[PDB]
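Participant: Dumping the structure here so I can ask a few things about it.
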Amino acid sequence: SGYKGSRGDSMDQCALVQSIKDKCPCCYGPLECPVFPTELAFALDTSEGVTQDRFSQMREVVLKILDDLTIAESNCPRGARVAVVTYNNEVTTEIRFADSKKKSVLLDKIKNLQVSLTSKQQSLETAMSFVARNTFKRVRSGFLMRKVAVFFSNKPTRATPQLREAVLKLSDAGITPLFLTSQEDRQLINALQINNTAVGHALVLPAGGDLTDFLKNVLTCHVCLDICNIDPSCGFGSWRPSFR
Amino acid sequence: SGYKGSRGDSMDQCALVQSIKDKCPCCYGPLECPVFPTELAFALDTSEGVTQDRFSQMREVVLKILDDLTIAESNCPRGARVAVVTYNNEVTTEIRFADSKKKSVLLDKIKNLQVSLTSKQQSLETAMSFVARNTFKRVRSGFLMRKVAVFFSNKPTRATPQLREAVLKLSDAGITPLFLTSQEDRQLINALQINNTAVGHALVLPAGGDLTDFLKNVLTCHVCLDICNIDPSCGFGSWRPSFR
Amino acid sequence: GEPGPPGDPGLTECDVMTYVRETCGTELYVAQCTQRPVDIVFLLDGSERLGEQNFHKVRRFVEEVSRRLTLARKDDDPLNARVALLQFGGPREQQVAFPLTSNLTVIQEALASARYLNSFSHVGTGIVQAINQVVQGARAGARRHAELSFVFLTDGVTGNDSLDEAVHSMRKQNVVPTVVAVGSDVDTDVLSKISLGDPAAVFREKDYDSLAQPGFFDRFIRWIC
Amino acid sequence: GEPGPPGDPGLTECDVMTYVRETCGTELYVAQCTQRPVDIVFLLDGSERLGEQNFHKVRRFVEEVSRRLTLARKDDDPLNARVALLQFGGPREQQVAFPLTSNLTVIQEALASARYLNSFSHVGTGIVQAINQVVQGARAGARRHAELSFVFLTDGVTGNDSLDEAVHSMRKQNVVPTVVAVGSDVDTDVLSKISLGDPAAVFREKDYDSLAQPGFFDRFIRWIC
Amino acid sequence: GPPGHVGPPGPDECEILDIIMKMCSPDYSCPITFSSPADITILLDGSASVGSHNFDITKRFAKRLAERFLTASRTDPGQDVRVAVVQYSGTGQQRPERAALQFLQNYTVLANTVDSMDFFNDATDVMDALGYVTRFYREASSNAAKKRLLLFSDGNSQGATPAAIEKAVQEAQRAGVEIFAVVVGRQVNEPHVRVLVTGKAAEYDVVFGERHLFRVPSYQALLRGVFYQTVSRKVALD
Amino acid sequence: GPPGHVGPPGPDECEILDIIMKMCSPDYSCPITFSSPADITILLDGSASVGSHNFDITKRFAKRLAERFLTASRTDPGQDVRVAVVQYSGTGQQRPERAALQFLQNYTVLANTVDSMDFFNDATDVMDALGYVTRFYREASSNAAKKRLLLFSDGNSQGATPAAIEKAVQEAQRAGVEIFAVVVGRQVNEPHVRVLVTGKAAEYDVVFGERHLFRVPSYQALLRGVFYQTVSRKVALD
Ligand SMILES: *[C@@H]1O[C@H](CO)[C@@H](O[C@@H]2O[C@H](CO)[C@@H](O[C@@H]3O[C@H](CO)[C@@H](O)[C@H](O)[C@@H]3O)[C@H](O)[C@H]2NC(C)=O)[C@H](O)[C@H]1NC(C)=O
Ligand SMILES: *[C@@H]1O[C@H](CO[C@@H]2O[C@@H](C)[C@@H](O)[C@@H](O)[C@@H]2O)[C@@H](O[C@@H]2O[C@H](CO)[C@@H](O)[C@H](O)[C@H]2NC(C)=O)[C@H](O)[C@H]1NC(C)=O
Ligand SMILES: *[C@@H]1O[C@H](CO[C@@H]2O[C@@H](C)[C@@H](O)[C@@H](O)[C@@H]2O)[C@@H](O[C@@H]2O[C@H](CO)[C@@H](O)[C@H](O)[C@H]2NC(C)=O)[C@H](O)[C@H]1NC(C)=O
Ligand SMILES: *[C@@H]1O[C@H](CO)[C@@H](O[C@@H]2O[C@H](CO)[C@@H](O)[C@H](O)[C@H]2NC(C)=O)[C@H](O)[C@H]1NC(C)=O
Ligand SMILES: *[C@@H]1O[C@H](CO)[C@@H](O[C@@H]2O[C@H](CO)[C@@H](O)[C@H](O)[C@H]2NC(C)=O)[C@H](O)[C@H]1NC(C)=O
Ligand SMILES: *[C@@H]1O[C@H](CO)[C@@H](O[C@@H]2O[C@H](CO)[C@@H](O)[C@H](O)[C@H]2NC(C)=O)[C@H](O)[C@H]1NC(C)=O
Ligand SMILES: *[C@@H]1O[C@H](CO)[C@@H](O)[C@H](O)[C@H]1NC(C)=O
Ligand SMILES: *[C@@H]1O[C@H](CO)[C@@H](O)[C@H](O)[C@H]1NC(C)=O
């Protein structure tokens with residue numbers, strides 16, 4: 001006999017959720033990010049020259065990001081999972097996808113996380129590969145599973161092929177990275193973007209002053225963007241529904 | 001490897017029942033026959049010359065025997081099942097092991113059972129074989145199941161090989177027959193018994209008068225004899241408790 | 001090889017369980033086949049819900065059954081059992097088939113030419129026709145007391161215009177039934193009526209193909225004989 | 001032959017159920033093996049409750065697993081993964097085995113002469129000795145960030161004189177635990193402590209022989225890589 | 001051999017409504033709107049292949065279908081919403097008479113006819129039944145209306161060949177009525193049912209078949225759940 | 001190969017007792033009578049093969065056994081009923097001190113020792129344990145008394161060969177005490193436990209074998225039910 005028939009049609013990933021969302025009572029009232037359950041991976045840089053005050057700044061940024069987001073304490077596929085790591089010439093996991101179980105405990109752990117003053121010279125490619133092949137080694141199930149990674153850099157990245165290979169691997173892994181660094185690098189954007197199809201933006205971060213102006217952008221637009229109801233004109237580029 | 005080892009020991013068949021009996025409350029108080037659930041097969045005879053009044057007498061005998069005994073209305077393995085047939089040179093089933101479900105309905109059926117006056121000549125061996133291989137084609141389960149058949153005859157049986165072979169088949173079938181007939185026949189006793197091994201006695205019934213004596217004999221030590229505590233001298237012979 | 005495994009325990013938990021349940025308070029024990037004089041007549045309703053391929057499967061099943069059971073030489077109350085089958089229908093209000101006979105060649109020929117009615121079965125009319133035909137055959141074959149057992153190969157769902165009268169005739173005709181229903185869809189009323197107030201005189205088969213399962217075949221032959 | 005069977009529904013009932021649960025409100029999806037830089041160091045307790053025959057079966061399983069995984073040529077952080085195993089025990093307070101190395105012939109030679117302790121073994125001392133040995137090996141083998149995953153092939157029931165301290169040290173040493181328990185008799189406390197607060201980081205196998213079951217082997221090789 | 005045809009598409013709106021309402025706990029049930037006037041005459045089996053109790057549950061399903069279709073708020077009071085019922089059996093058995101039943105609006109008369117029809121106990125004939133239905137439409141339904149029809153079947157019928165079914169369905173199409181097939185069980189002649197659904201055996205359209213076919217495993221399951229509302233709404237949608 | 005040995009005989013009095021008492025709605029529990037004065041010293045495993053929780057449940061079962069034996073109405077006030085408890089482990093590990101534990105009528109020292117012993121975490125050692133038990137009997141128990149003993153075992157121990165256990169059990173028999181074996185689980189060296197039970201490997205008497213051996217699937221199952229009653233009663237019967 002012949003082999004099995006082809007897969008049947010589908011109501012499209014985008015608007016079936018639209019329907020069910022206008023349909024599941026109280027789920028179309030108050031909103032709480034993330035829009036869908038997702039994994040969020042913070043990676044922190046202790047590169048030589050990273051000022052301790054700047055480290056406190058990034059610590060506050062991550063703490064605020066956590067507070068704005070809920071958590072999936074139970075096994076129900078709803079809420080945010082977290083993973084916090086530190087990276088240098090080498091890497092060292094701090095909290096993985098399993099330990100985090102409550103919001104307060106996670107906040108306390110991150111606030112109490114030791115600051116590892118050091119002098120090793122940075123190589124962001126190692127952290128890229130680590131997150132690509134170690135942190136996301138296992139992730140929670142879900143037909144609309146969403147993954148996001150946030151990084152750091154106290155020095156602009158080099159312009160090398162290995163970076164292109166690493167970002168390609170990240171893309172193949174399903175991640176949707178959102179790097180953060182003091183200053184822009186057109187070469188960084190070019191390496192990230194693939195044949196004009198963006199893979200992840202490279203935002204900017206302040207050395208003081210106001211913060212909310214960009215906290216609102218990051219929270220509403222990248223970490224917990226709706227899968228289908230995208231903001232009209234948030235961020236120059238072409239956006240991305242999910243996966244790649 | 002070798003085949004399965006031999007089946008181990010046991011606590012005998014009866015004495016275990018003695019033990020469990022003393023130990024199960026309310027089951028060693030008011031006795032009710034049959035001692036253990038049993039099948040009882042009445043088979044009436046309509047051979048030529050059978051006086052209608054004698055038929056009434058046997059009807060009363062069967063009715064009394066039924067009333068003195070309980071029944072197993074439900075599927076619980078406890079109580080008496082009944083099967084009533086009529087036999088001649090041929091046979092005709094009347095009520096089988098399945099139809100009877102309540103004592104009142106069984107008594108009503110037996111009392112209202114059609115009386116079939118006829119003239120065909122008697123052949124008890126045919127009824128013997130019929131009961132041996134038709135009525136007991138299916139019986140209720142139970143490690144201590146008892147099966148008894150009661151018959152009739154308005155004429156002494158002949159002395160032929162067929163009857164001895166038939167009674168051998170009966171014994172091989174596990175039945176414990178108790179024939180009833182007007183008059184004795186040493187040939188009948190010899191054919192029934194074998195090699196100093198009794199199969200079933202041949203009692204005597206009256207042409208009118210008292211009945212409680214022999215009726216008591218049958219009800220106590222033949223129909224519902226405890227397989228364990230056989231009466232001292234109820235019926236001359238040697239008895240044969242348990243299957244044969 | 002190595003020594004055999006240890007034997008079965010003494011009065012296994014189930015053994016004492018049954019003993020106690022018996023003392024004060026499913027499966028039925030039947031003596032295995034002993035070739036006692038038996039007369040068996042099948043009954044396969046032509047209801048369109050049977051199926052041509054399922055009709056062929058039932059033909060194969062009946063062939064196997066008639067092959068396994070011993071066959072008598074002749075009549076006049078000899079040992080061993082006979083066999084018969086018919087395929088009555090609703091349209092034309094009757095049908096005919098070979099009578100009870102041990103000439104298995106006739107059975108082969110009839111099965112080869114067997115026609116699947118794909119028609120109806122007012123089970124009452126069919127059963128009364130069958131009882132009349134088998135009574136005629138038995139009269140043609142002397143007394144041969146033996147017995148008279150019917151096997152119903154039908155769900156039983158069909159018109160019941162004259163079911164009760166035929167049931168009463170069967171009761172008076174010293175008959176013994178045995179019903180083997182197949183498929184989940186079955187009516188309890190017809191099965192109970194034809195089973196004559198028995199809860200264990202009915203077999204259940206998941207599908208028609210299961211009729212070829214050796215276990216069920218062995219169980220059926222054990223019950224009938 | 002005949003045409004293939006018709007396809008399955010586009011979105012089965014469970015599909016829509018999962019969708020609705022996801023919108024408002026087990027199995028974990030792991031990317032298949034990609035020869036990512038990996039370093040695995042087994043751990044098999046010497047407790048006498050393991051079993052000589054079970055020790056042989058575990059040897060077979062370990063050699064099969066080493067065969068299945070791709071083996072790196074050398075160190076200084078190439079691609080591909082390495083392997084190591086040890087069989088620490090209670091008596092003598094220490095025991096050693098071959099270090100991490102991809103040269104498979106050394107693995108075979110060491111396994112062939114493998115000795116079954118069949119003796120008590122406190123898990124804490126074993127794990128601390130193992131982490132010390134693997135740290136020494138890694139330092140001998142440059143940085144090789146890769147990772148460090150430990151597979152606990154043991155029930156884990158044993159002396160806990162210094163369990164918690166060793167667990168803390170492993171936690172600080174960026175390790176990825178993984179447990180394959182065998183048999184119903186298992187203590188949840190030890191599994192939870194080694195699993196580092198994970199509910200799905202433990203596999204269960206009814207009998208040690210099932211380690212040769214293709215399904216479990218495939219699942220384990222998938223999970224590790 | 002060649003691979004099998006594409007399976008049925010995903011569930012439509014009605015059953016996803018049902019599943020969300022089952023545990024997630026705005027208008028619900030399964031609203032319908034007869035966008036344009038049309039007719040429906042649910043055809044009910046009458047051959048023994050169903051039986052007595054199965055025929056009874058089929059009658060209950062038919063009554064529910066008629067109720068749901070008729071109650072559906074008419075998209076226009078200027079035009080009508082039309083429903084009917086008939087029972088088919090062996091050749092020349094299609095209750096009521098040809099000139100009796102018209103498009104019904106009050107539910108009670110249709111319900112009484114539905115509850116009064118008697119099992120025919122006549123062989124499974126589909127030729128004459130299809131001819132009856134198509135000629136009745138040809139004579140009766142107004143020209144403007146674009147109608148619809150349901151039909152129970154097992155594809156099995158004495159003296160039946162694929163050519164005859166194809167010709168009859170072609171005659172029906174010439175009459176100008178699209179058809180839908182709902183079947184129960186699997187003791188079904190697949191080629192004949194497929195032909196009836198499509199009418200073009202060789203160039204069978206997978207999309208047409210999957211849209212026009214409903215499969216129900218058990219007679220009891222037919223009434224259970226929200227299957228009736230799903231199928232009725234599908235009939236509603238153009 | 002040759003067929004296997006005869007399986008265990010049937011349920012004894014005490015389990016038929018609880019099975020009848022379960023449903024049948026007259027003495028109950030599981031009465032005992034120490035027909036003649038004697039002693040018993042239940043030996044408890046302490047090797048890793050048991051484990052923490054298994055060791056604890058074994059301790060509970062031992063406590064229950066001892067309490068049942070001691071409470072059993074002595075058949076003679078003029079004589080005594082005597083029991084004791086000790087834990088065995090790797091060679092030369094058998095609490096308490098030699099002169100410490102004597103036959104006991106009270107429950108203080110026995111209960112405290114039962115609830116206060118500690119797991120040892122060492123490989124099973126039967127040789128020195130059996131030697132300790134037999135020498136303690138030889139020195140301590142009164143000459144007239146005919147004693148009894150119980151033992152948890154797995155037939156596995158470092159430096160163990162069948163001949164050595166043969167000799168050890170022969171020495172124990174020379175001491176003049178019959179022995180009974182009770183074991184849990186099936187990860188047990190069958191020949192060694194059979195040897196321990198019998199004393200003559202070549203001639204494994206069926207009667208001696210089945211009577212002297214009790215089998216348990218799991219540690220938890222040991223405490224469940226009235227198994228403790230059955231084992232104690234069997235120990236009682238001469
Ligand atoms: C590395 O793997 C090898 C097997 O691939 C392990 O055993 C080696 O087996 C070969 C096969 O007989 C031995 O042959 C010898 O090879 C050497 C070159 O290494 C050659 O000069 C000799 O003339 C002979 O052909 C080889 O000796 C043997 N390895 C050793 C060390 O003896 C080997 O144990 C693994 N580990 C190593 C090589 O460190
Ligand atoms: C069945 O129809 C009758 C009358 O039809 C009504 O008028 C039609 C134009 C249409 O609008 C139907 O839906 C209407 O129901 C209903 O019963 C009759 O009602 C009238 C008015 O009260 C009364 O004089 C008659 O005696 C009624 N006939 C009876 C009692 O037999 C009936 O409600 C309809 N059935 C339904 C709606 O289920
Ligand atoms: C252990 O015995 C003591 C007293 O001994 C009692 O008399 C003996 C001759 C013998 O028959 C034992 O079985 C008897 O129990 C029990 O109670 C103790 O009594 C003394 C007397 O004042 C008191 O000083 C102790 O404190 C008591 N022990 C306590 C309170 O633990 C004791 O009950 C017996 N053992 C158990 C477990 O109860
Ligand atoms: C009865 O059985 C016989 C075989 O036992 C069948 O076979 C025929 O027997 C007759 C008897 O003389 C032969 O003449 C034929 O040649 C046999 N048939 C063949 C094909 O060789 C016989 O057919 C059976 N009875 C009937 C009526 O068919
Ligand atoms: C016997 O015949 C009667 C009618 O002659 C059947 O009566 C129907 O039984 C079904 C069983 O569920 C009911 O649903 C119907 O309401 C009854 N009446 C009618 C008019 O259909 C009866 O079912 C038949 N027995 C069977 C088929 O076993
Ligand atoms: C080792 O772990 C055990 C439990 O995981 C700790 O406490 C024991 O808990 C079990 C629970 O079943 C009890 O049965 C034991 O009695 C407990 N221990 C003792 C000594 O009684 C234990 O504290 C841990 N550490 C050590 C050294 O045993
Ligand atoms: C080219 O663009 C497509 C479309 O997004 C993308 O899938 C692919 O990976 C890109 N390849 C390269 C080499 O940029
Ligand atoms: C002889 O007598 C015994 C005693 O019951 C009986 O079992 C047996 O069937 C009789 N016949 C033979 C041939 O032994």
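Ordered as shown in the structure tokens, chains take letters A, B, and onward, while each chain numbers its residues from 1 and ligands are numbered from 1 in the order shown.
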Give the strand (DSSP E) residues of stretch 37-165 of chain D, as assigned by DSSP on the backbone, as a PyMOL selection string.
Facilitator: chain D and resi 38-43+81-84+149-152
Participant: Show me which residues line ligand 4, defined as having an atom within 7 Å of a ligand atom where only C-alpha atoms and all ligand atoms count, and present them as a list in words.
Facilitator: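 Within the 7 Å cut-off, the matching residues are residues 103, 104, 105 and 106 of chain C.
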Participant: Which neighbours of residue A:219 fall inside 12 Å, counting only C-alpha atoms, when residues of the same chain fewer than 3 positions from it are skipped, and could you give them as a VMD selection string?
Facilitator: chain A and resid 32 to 35 61 to 62 64 to 69 148 178 212 to 216 222 to 226 234
Participant: Convert the current residue selection to file output with C-alpha atoms, as a PDB file, in the first residue's frame.
Facilitator:
ATOM      1  CA  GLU A  32      -0.183  40.694  31.672  1.00  0.00           C
ATOM      2  CA  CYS A  33       3.106  40.198  29.874  1.00  0.00           C
ATOM      3  CA  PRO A  34       4.481  38.005  28.443  1.00  0.00           C
ATOM      4  CA  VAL A  35       1.720  37.762  25.815  1.00  0.00           C
ATOM      5  CA  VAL A  61      17.457  47.096  34.344  1.00  0.00           C
ATOM      6  CA  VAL A  62      17.159  43.328  34.712  1.00  0.00           C
ATOM      7  CA  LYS A  64      12.757  45.993  36.537  1.00  0.00           C
ATOM      8  CA  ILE A  65      12.317  43.717  33.521  1.00  0.00           C
ATOM      9  CA  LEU A  66      11.641  40.798  35.858  1.00  0.00           C
ATOM     10  CA  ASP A  67       9.164  42.784  37.947  1.00  0.00           C
ATOM     11  CA  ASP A  68       7.158  43.889  34.904  1.00  0.00           C
ATOM     12  CA  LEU A  69       6.806  40.227  33.841  1.00  0.00           C
ATOM     13  CA  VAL A 148      14.245  35.538  23.984  1.00  0.00           C
ATOM     14  CA  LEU A 178      17.815  41.391  21.591  1.00  0.00           C
ATOM     15  CA  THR A 212      11.724  54.515  31.155  1.00  0.00           C
ATOM     16  CA  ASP A 213      11.771  55.990  27.643  1.00  0.00           C
ATOM     17  CA  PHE A 214      13.421  52.783  26.403  1.00  0.00           C
ATOM     18  CA  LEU A 215      12.150  50.436  29.115  1.00  0.00           C
ATOM     19  CA  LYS A 216       8.653  50.927  27.716  1.00  0.00           C
ATOM     20  CA  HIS A 222      10.343  42.944  22.005  1.00  0.00           C
ATOM     21  CA  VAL A 223      10.017  40.877  25.187  1.00  0.00           C
ATOM     22  CA  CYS A 224       6.201  40.648  25.178  1.00  0.00           C
ATOM     23  CA  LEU A 225       5.140  41.763  21.722  1.00  0.00           C
ATOM     24  CA  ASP A 226       1.838  40.252  20.684  1.00  0.00           C
ATOM     25  CA  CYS A 234       7.972  50.552  16.994  1.00  0.00           C
TER      26      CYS A 234
END
Participant: Using 6 Å as the limit and counting only C-alpha atoms, can you tabulate each residue of chain D that touches chain E, with its shortest atom-to-atom distance in Å and the two atoms involved, as JSON lines?
Facilitator:
{"residue": "D:1", "atom": "CA", "partner": "E:1", "partner_atom": "CA", "distance": 4.5}
{"residue": "D:2", "atom": "CA", "partner": "E:1", "partner_atom": "CA", "distance": 5.4}
{"residue": "D:3", "atom": "CA", "partner": "E:2", "partner_atom": "CA", "distance": 4.8}
{"residue": "D:4", "atom": "CA", "partner": "E:4", "partner_atom": "CA", "distance": 4.0}
{"residue": "D:5", "atom": "CA", "partner": "E:4", "partner_atom": "CA", "distance": 4.7}
{"residue": "D:6", "atom": "CA", "partner": "E:4", "partner_atom": "CA", "distance": 4.6}
{"residue": "D:7", "atom": "CA", "partner": "E:7", "partner_atom": "CA", "distance": 3.8}
{"residue": "D:8", "atom": "CA", "partner": "E:7", "partner_atom": "CA", "distance": 5.1}
{"residue": "D:9", "atom": "CA", "partner": "E:8", "partner_atom": "CA", "distance": 5.1}
{"residue": "D:10", "atom": "CA", "partner": "E:10", "partner_atom": "CA", "distance": 4.3}
{"residue": "D:11", "atom": "CA", "partner": "E:10", "partner_atom": "CA", "distance": 4.6}
Participant: How close does chain B get to ligand 8? List, as a Markdown table, each residue of chain B within 12 Å, its nearest atom pair and the distance in Å to one decimal, counting only C-alpha atoms and all ligand atoms.
Facilitator:
| residue | atom | partner | partner_atom_place_in_ligand_line | distance |
| --- | --- | --- | --- | --- |
| B:167 | CA | ligand 8 | 9 (O) | 11.7 |
| B:168 | CA | ligand 8 | 9 (O) | 8.8 |
| B:169 | CA | ligand 8 | 9 (O) | 11.3 |
| B:171 | CA | ligand 8 | 9 (O) | 8.8 |
| B:172 | CA | ligand 8 | 9 (O) | 9.0 |
| B:192 | CA | ligand 8 | 10 (C) | 12.0 |
| B:193 | CA | ligand 8 | 2 (O) | 9.3 |
| B:194 | CA | ligand 8 | 10 (C) | 6.4 |
| B:195 | CA | ligand 8 | 1 (C) | 4.9 |
| B:196 | CA | ligand 8 | 2 (O) | 6.2 |
| B:197 | CA | ligand 8 | 5 (O) | 5.0 |
| B:198 | CA | ligand 8 | 5 (O) | 7.8 |
| B:199 | CA | ligand 8 | 5 (O) | 9.1 |
| B:238 | CA | ligand 8 | 5 (O) | 10.6 |
| B:239 | CA | ligand 8 | 5 (O) | 10.5 |
| B:240 | CA | ligand 8 | 5 (O) | 8.2 |
| B:241 | CA | ligand 8 | 5 (O) | 10.9 |
| B:242 | CA | ligand 8 | 5 (O) | 11.3 |
| B:243 | CA | ligand 8 | 7 (O) | 10.3 |
| B:244 | CA | ligand 8 | 7 (O) | 6.9 |
Participant: Grab me every residue within 7 Å of ligand 2, counting only C-alpha atoms and all ligand atoms, and send it over as a PyMOL selection string.
Facilitator: chain E and resi 105-109
Participant: Could you check how far atom CA of residue F:194 sits from atom CA of residue F:210, in Å to one decimal?
Facilitator: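 Taking atom CA of residue F:194 as the start and atom CA of residue F:210 as the end point, the length is 10.1 Å.
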Participant: Tell me which of A:231, A:170, A:181, A:202 sits closest to ligand 7, counting only C-alpha atoms and all ligand atoms.
Facilitator: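 Of A:231, A:170, A:181, A:202, the one nearest ligand 7, counting only C-alpha atoms and all ligand atoms, is A:170.
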Participant: Once you count only C-alpha atoms and all ligand atoms, which residues end up within 10 Å of ligand 5, and could you hand them over as a PyMOL selection string?
Facilitator: (chain C and resi 156-164+186-193) or (chain E and resi 51-57+116-119)
Participant: Can you pull out every residue with an atom within 12 Å of ligand 3? Use only C-alpha atoms and all ligand atoms and format it as a list in words.
Facilitator: residues 67, 70, 71, 77, 80, 81, 104, 105, 106, 107, 108, 109, 110, 111, 112, 113 and 114 of chain F
Participant: Neighbouring residues of stretch 72-88 of chain D were defined as those with any atom within 8 Å, considering only C-alpha atoms; residues of the same chain fewer than 3 positions away were excluded. Please report them as a ChimeraX atom specification.
Facilitator: /D:35-46,66,69,94-103,117,121,126,130,141-146
Participant: Residues within 10 Å of residue B:153, please, as a list in words. Count only C-alpha atoms; anything in the same chain fewer than 5 positions from it doesn't count.
Facilitator: residues 44, 45, 46, 47, 50, 88, 122, 123, 124, 179, 180, 181, 182 and 183 of chain B
Participant: Would you list the contacts of residue E:226 as a ChimeraX atom specification, taking every protein, DNA or RNA residue within 8 Å and counting only C-alpha atoms, but skipping same-chain residues closer than 4 positions in sequence?
Facilitator: /E:14-15,18,230
Participant: Could you write out that same residue set with N, CA and C atoms as an mmCIF file, in the first residue's frame?
Facilitator:
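And here is the file that came out, part.cif:
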data_model
loop_
_atom_site.group_PDB
_atom_site.id
_atom_site.type_symbol
_atom_site.label_atom_id
_atom_site.label_comp_id
_atom_site.auth_asym_id
_atom_site.auth_seq_id
_atom_site.Cartn_x
_atom_site.Cartn_y
_atom_site.Cartn_z
ATOM 1 N N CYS E 14 -17.752 25.819 15.240
ATOM 2 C CA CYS E 14 -18.731 25.395 16.237
ATOM 3 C C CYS E 14 -18.093 24.523 17.317
ATOM 4 N N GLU E 15 -17.294 23.536 16.912
ATOM 5 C CA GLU E 15 -16.734 22.627 17.905
ATOM 6 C C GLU E 15 -15.622 23.286 18.715
ATOM 7 N N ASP E 18 -17.387 24.934 21.331
ATOM 8 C CA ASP E 18 -17.776 23.959 22.344
ATOM 9 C C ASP E 18 -16.612 23.626 23.268
ATOM 10 N N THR E 230 -22.612 21.639 14.476
ATOM 11 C CA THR E 230 -21.521 21.845 13.531
ATOM 12 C C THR E 230 -21.983 21.562 12.109
#
Participant: Considering only C-alpha atoms and all ligand atoms, state which residue in the set F:42, F:167, F:187, F:59 is at the smallest distance from ligand 6.
Facilitator: F:59
Participant: Could you list, as a list in words, every residue within 6 Å of residue E:46, counting only C-alpha atoms and ignoring same-chain residues fewer than 4 positions away?
Facilitator: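 So the residues in contact are residues 88, 89, 119 and 120 of chain E.
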